[PDB]
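So the structure is just underneath, and the comments pick up after that.
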């Protein structure tokens, strides 16, 4: 089915999109690097991020709400993708296949573009890394900087009251389940 194609290419492109962004940043740091200077300032940046992780960790008194919020955010993601799958089929049934096939065409063009750039970016980094020892240190420290960045934001999506948060997410789940049901009713109505 066309929507099986659409889903696949969106999955693959977003990952490419994310991975290319990281490579862009690495090259931007290694071309700009005076590399010893760049290393020092990455240490300080990672130092500041690790203390923020610690600060935010202490603002979390219990992991039990954290677990719950994480669980609800996952459920919300499941429900949204399923609602999107139902809306696409419903549009397709109502309005025909010309709209997916153009979307697919655009998605396969961007996919090829994204992969071409990925290969170029990755090729540039190997060249940039080259008989250099500082260069790997810079690689690791940027990688660490990426993970600490992600960790600070994870702890920011939590801390504000954790139970007010669970209250919100559970209301959103009610809305999505209501929407899911309407979309399935319209779908069965169409395929009758």
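Figure legend: label point modelled 7 angstrom from the Cα of residue 115 along Cα→Cβ; residues of segment 10-43 with amide N under 17 Å from it are 10-20.
Value of Rg to Rh for the chain, rounded to two decimals, is 1.09; Kirkwood radius and Rg both from alpha-carbon coordinates.
Using only the Cα atoms of segment 66-165, build the gyration tensor, take square roots of its eigenvalues as a ≥ b ≥ c, and label the shape rounded, prolate or oblate: rounded if a/c is under 1.5, else prolate if a/b is larger than b/c, else oblate. It comes out oblate by the Cα gyration axes. Rounded to the nearest 0.05, the FRET efficiency derived from the C-beta distance between residue 179 and residue 105 at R0 = 25 Å is 0.30. Placing a pseudo-label 7 Å from each Cα along the Cα-to-Cβ vector at residue 158 and residue 125 gives an inter-label distance of 2.8 nm.
Taking a ≥ b ≥ c as the square roots of the eigenvalues of the alpha carbon gyration tensor, segment 32-120 is oblate, as a/c is not under 1.5 and a/b does not beat b/c.
Note that we place each Cβ from the backbone using ideal geometry, even for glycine, and neighbour counts take in every protein chain shown. The numbers here are math on the coordinates, done by the rules we state, and not lab data.
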